[PDB]
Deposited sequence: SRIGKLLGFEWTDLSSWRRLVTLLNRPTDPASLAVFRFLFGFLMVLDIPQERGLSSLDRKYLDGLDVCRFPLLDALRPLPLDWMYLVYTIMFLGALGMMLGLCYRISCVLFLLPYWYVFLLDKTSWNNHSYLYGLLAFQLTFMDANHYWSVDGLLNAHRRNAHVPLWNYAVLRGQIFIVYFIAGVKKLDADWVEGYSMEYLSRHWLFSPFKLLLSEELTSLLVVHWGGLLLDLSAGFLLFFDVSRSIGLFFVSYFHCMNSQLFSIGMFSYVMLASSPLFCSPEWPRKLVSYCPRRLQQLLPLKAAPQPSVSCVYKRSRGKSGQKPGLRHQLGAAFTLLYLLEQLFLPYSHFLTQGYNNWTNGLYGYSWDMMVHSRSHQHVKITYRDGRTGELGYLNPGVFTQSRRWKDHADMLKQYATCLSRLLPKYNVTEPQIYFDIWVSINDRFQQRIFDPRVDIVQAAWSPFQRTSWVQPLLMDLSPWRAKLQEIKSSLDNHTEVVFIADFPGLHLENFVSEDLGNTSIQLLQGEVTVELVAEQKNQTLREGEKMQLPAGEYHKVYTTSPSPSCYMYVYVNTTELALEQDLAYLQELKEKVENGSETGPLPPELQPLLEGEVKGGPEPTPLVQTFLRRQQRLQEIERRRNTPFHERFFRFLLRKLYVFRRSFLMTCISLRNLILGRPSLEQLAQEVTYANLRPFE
């Protein structure tokens, strides 16, 4: 058998359906599966009060507040606060049961159902690790992970070191491999291979050793971008093979240890770290507990030969011939194959749901593309027209929203428009017409509109499978300007800013220059524009290279007349900031000179000096005090969540008390126990 140890099977095992089913149901030691289940349950229990928002459920789901919500389906509606607290309690109990191994199936379902309900209840909280947690819970629901290191097996006799079918490990290994490979392939983008997505991450002190032999640009392009792409592409291949298993394990451990500190992504790094030993032999915990000193080998459960189990099948040459697969053996193989096909196909299913395709393909959360695209927003304007009288009015951007993700997606914008249309009659406004004007620059590009500002979103047509017509295309033929843009940005002073704008033909921009924005100018780059002055009604055509100067405290308009998109910049200085800083420097230096031989302006410098001194003292202060403060904050969050959940459970079960008792209980809930 040449390939009988580099792959774990033979070529003859994939020649027929019966042979494949027999292979996929091979018995296997359940030790590593049990360890993974324990770790995943522990991490989910630790994570539910923090990331899922159990501590802010009262803030998010108040009884009578006006808020616009963004569910996947408008038929899904939230429950009152008490029932939401009950659902979170059920989720916590399910996670605890999954960790402990007691009542495995019931706990798995009790964690799976409310988790997916909460996930689907809101489209603005989707990311990749929440999707991964849901997928992992779904997979573990159908697996026998309570056969070792559990409590069910300590009450039963057959779940004590039994055997599990082979596909239990195959599904998890495949899931991790698809995660790594799809992330690596998604990182084969123009903005990533050219070092544009993360151009500031290399300045962290964790990259200091690389700066000894490499330049800053070289260490930002070679290490963060190309190294990350290579590791993403090769982690699965390195981990699968036993020849290079140790090297791959070291690399992935180092990668996740740095990632747990570079960003704040919750428990993603720890889940990935705990999922790495799954690629090792299924019996590694047994060897690890055999290698420990003999003085601690008599308290843990005895290491003996595993007993036979009914879940898997046994094919022996002398121990009988063959057991015909039933409706449980073939179902495992079918589930494995179909689930792997679905996981491989879903990230590339953006050609079917065309209504979710903005500048970036699809809804964010299930495509395994992390940090690839970065967005910076410049201005948002919401304008409504009264349908009864015709007055023009302006709304605050995001009055009734608890998130900011609606500015990038057309479906979320449509939902927000409908919600505003519903809630505006409450404020003496007839049936309105709302127009949106949002300027977004992606991956350090020109600032440009994303949606058409001349279309009424309330009456617009949006369909999941139809490409949206009021979404402005991305100006793809302007990226090579980025080098010149960076040069211009770096060729400026420490108090002068620049903003680069690209405008479509036929549209116009109305801007109000602030009073304190003295020395403001506009310079053209491409095409031709017409600059207007509202107060005196004077147009002025401009060409490439020309420069203007705009007065402060007045309106002005910029019109695009060229048959191609045009680009220009704004150059401005905060003259009020300059004057304040220069007088502050005078009043400080001269005061020091007189002393060595209050008012708000002095107060700002006093606060800055106090903050600098505190920062220096904290830097000199050892990390133990910060660790203690972190522990105190976590304990406060946990205690608040527990007290509020108990309060809501008492209210739901016993009965609603008087108002006075609730106020006292709420005040006791937030106390910051000790400091």
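- The deposited chain is incompletely modelled, with C-alpha atoms absent only over 598 to 620.
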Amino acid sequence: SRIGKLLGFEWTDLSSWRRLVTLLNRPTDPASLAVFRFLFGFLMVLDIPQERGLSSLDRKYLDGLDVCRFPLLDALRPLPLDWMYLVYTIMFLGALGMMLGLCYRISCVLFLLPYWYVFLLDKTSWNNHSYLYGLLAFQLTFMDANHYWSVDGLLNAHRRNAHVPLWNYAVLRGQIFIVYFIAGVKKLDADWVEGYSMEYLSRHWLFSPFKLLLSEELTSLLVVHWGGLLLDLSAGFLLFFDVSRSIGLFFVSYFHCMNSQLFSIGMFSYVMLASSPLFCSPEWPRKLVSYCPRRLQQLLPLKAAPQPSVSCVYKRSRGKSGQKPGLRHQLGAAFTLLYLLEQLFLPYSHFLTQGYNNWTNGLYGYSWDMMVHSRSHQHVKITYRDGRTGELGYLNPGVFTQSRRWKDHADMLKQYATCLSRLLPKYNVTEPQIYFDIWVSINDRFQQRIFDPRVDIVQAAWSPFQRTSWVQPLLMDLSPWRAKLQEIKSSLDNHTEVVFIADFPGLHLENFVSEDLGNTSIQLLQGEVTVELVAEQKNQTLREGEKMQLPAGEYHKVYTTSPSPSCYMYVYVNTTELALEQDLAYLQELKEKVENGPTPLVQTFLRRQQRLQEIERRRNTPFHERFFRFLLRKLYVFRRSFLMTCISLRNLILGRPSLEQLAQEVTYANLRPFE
From here on, numbers count along this sequence of modelled residues.
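Between two forms, the rigid core is defined as the largest C-alpha subset superposing within 1.5 Å.
- Once the rigid core is used to overlay the structures in 7 other deposited structures of this protein, the stretch among 477 to 485 and 361 to 369 whose CA atoms lie farther from this form is 477 to 485.
- Between stretches 386 to 394 and 100 to 108, the one whose Cα atoms sit farther from the displayed model in 7 other deposited structures of this protein on average is 386 to 394 (core-aligned, root mean square).
- Of the other compared PDB entries of this protein that include residues on both sides, all give residue 301 atoms, none of them, and so not a third, leaving it without.
- When the other compared entries with both flanking residues are checked, residue 285 is modelled in all of them, not unmodelled in a third.
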